Every structure is written in C-alpha cells, then in structure tokens.
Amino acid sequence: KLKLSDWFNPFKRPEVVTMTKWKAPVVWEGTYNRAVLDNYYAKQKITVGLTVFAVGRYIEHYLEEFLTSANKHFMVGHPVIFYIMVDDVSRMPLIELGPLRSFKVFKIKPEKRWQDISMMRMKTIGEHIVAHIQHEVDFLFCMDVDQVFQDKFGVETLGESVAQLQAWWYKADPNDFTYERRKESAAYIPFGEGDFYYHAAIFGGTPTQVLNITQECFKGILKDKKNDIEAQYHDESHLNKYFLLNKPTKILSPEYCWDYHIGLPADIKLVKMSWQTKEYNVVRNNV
C-alpha cells in the first residue's frame, strides 16, 4: 500500500504548486524519492508502455531521436514496451534498444489532414489498449513524437491518471488558458472554470484510465464533427475538458515537457523532456 508521504515531499519545492485542491501531487524535481519507488515497483514486477505516432515526415524528422532518447531515459530499471504507430513501416528507423526495452510496430492509415492525424490517435490508442496493451503493461504513457527525453523520466511519474502541465501556462490564471471557448464544442470550458492547462503531448495512467481518457476524448471529437465544429486546439482541447471533469491523480511539472524557447527560468531545475523546434512547412501538408 504505497502512500504519498512514502515518496513525495512537497516542502522540497516551496516556491511552486506541489498539491492540487483535490490532493493530487504535482511532481517537481526534488520532491520525489525515486529509490523508494523503484524498489516498490520492482517488487511488483511492473511493465510500462509508451505509445508514439509518426505519420508522414514526422518519421524522418523525429522518430529516431525520440526512441533513442526514450531507450536511455524512460523508466530505466523496469521492463518497457514501445508501441510505434506509423503509416509507412519501411521508413521505420529501427534503432538498437538497451536492457529491459523491447518494441512492436503497427502500420496505420494516414489521415488526410494533420489535424485528424493528431485526433485519430485517441481512437487508435483505445483500440490497442483493448486488443493488447491492457494485457501487457501496468502503466502506459501516450506521447507526441516531436520531443526528446533529456534526463530520467521514471516511476515517480506513474499513477492512475497522469496529466502534464503545459510549459507556457503553468503559472497563468485559468482565464488566460487557451481552452476551447465556443459552447458549440464538446471541449467547451467556460471562463471561470478550470484547474490547469494540460499539454496533450504527454498523458498516461493505468490502461483502464487511459482507455477512458482516449474514449471520451474521441467521442467529443466525433460529436464536434456532427456539429460542424473543430476544437481550436484539437485533441488537446478535448483532453483539457476531460481532465476538468475527471481530475488526474497526478500532474507532472513543466520540467517533464519543457520548451527551451522560453529559456530556462529558476523553477525549471532539471529538464526531463524538451520540445523539438516546429517545422510545419516540411512535416505538415495542409493548413
């Protein structure tokens, strides 16, 4: 029976938000005791999954760097399975993996609009969870491919439902959050509501929770299509609506998904993951 106090110490980072009003911890560098967690999870012999999509030129531009960095930094010391979804398997970079890492690749259909490529991930992830992921891992993370692991991204991030604080808005007020503001959309969040602005580049939890996260998000995506509307920030707008209704049991600080374009302020102690510079002119084929 793992207890929050066993591994989480908010007092180590007094200058930032370390606890939500619903008692969920916000994991910042310095507040976690990975050694305690590694031993605890090793004894339970857990396996962690990681899904990543790479469709079109996202493959040549980001897949190798992502996987290479994941192999080295993701859940080191524990069995891990990388689930790679690509539209063209012949372009799969196939790198050498280290101890406790293995993978499996799936060929998927490339949607015509990049917006749909991004949103369809929700439907696809759920299908795979039902078909096999639920039987293969204890925890699963779903990530964007356009980023790179920079340091240990370990078990301190595991939980029932895990959300990521977006690097640009972690200190902003709810009314400045770029939530979908049109009531016609299923992702609508009225001003005066909201806890944080979560980044869709990273989210996870147990297979059961992620299944519900992805299922609900895609239901909203399909609903909007029937009402001839598309969320301003697509799947991210829907993810934020979901996490508003179903609070995450754990939140990761921006240190786990940092945009170096902002620079490196005092609150960012040790970057575990960083954004890749945007290259839409090459990787995207439509507006």
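Start at 1 with the first residue shown and count on from there.
Look up the CA B-factors in the entry and say which stretch, 23 to 31 or 237 to 245, has the higher mean.
It is 23 to 31 that shows the higher mean C-alpha B-factor.
Selected stretch [higher average CA B-factor]: 47 to 55 or 34 to 42: Comparing averages over the C-alpha atoms only gives 34 to 42.
In the PDB entry, which of 138, 111, 195, 127 has its C-alpha at the highest B-factor?
In the PDB entry, the greatest C-alpha B-factor among 138, 111, 195, 127 is found at 111.
message = If I read the C-alpha B-factors straight from the PDB entry, which of 203, 83, 170, 74 is highest?
response = Spelled out: the listed residue with the top C-alpha B-factor is 170.
*Within this chain's modelled residues, let me know which third the CA B factor of residue 146 belongs to: lowest, middle or highest.*
As the PDB entry reports it, the C-alpha B-factor of residue 146 lands in the lowest third of its chain.
**Prompt:** If you rank every modelled residue in this chain by C-alpha B factor, which third holds residue 190: lowest, middle or highest?
**Reply:** For residue 190, whose C-alpha B-factor we compare with every modelled residue in the chain, the answer is the highest third.
Chain-relative CA temperature factor third for residue 276:
Within its chain, residue 276 is a middle-third residue by C-alpha B-factor, going by the deposited values.
* Where does residue 250 sit by CA temperature factor within its chain: lowest, middle or highest third? -> Lowest third of the chain for residue 250's C-alpha B-factor.
Q: Just say lowest, middle or highest third for the CA B-factor of residue 95 relative to the other modelled residues in its chain.
A: Highest third, going by the recorded CA B-factors of the chain.
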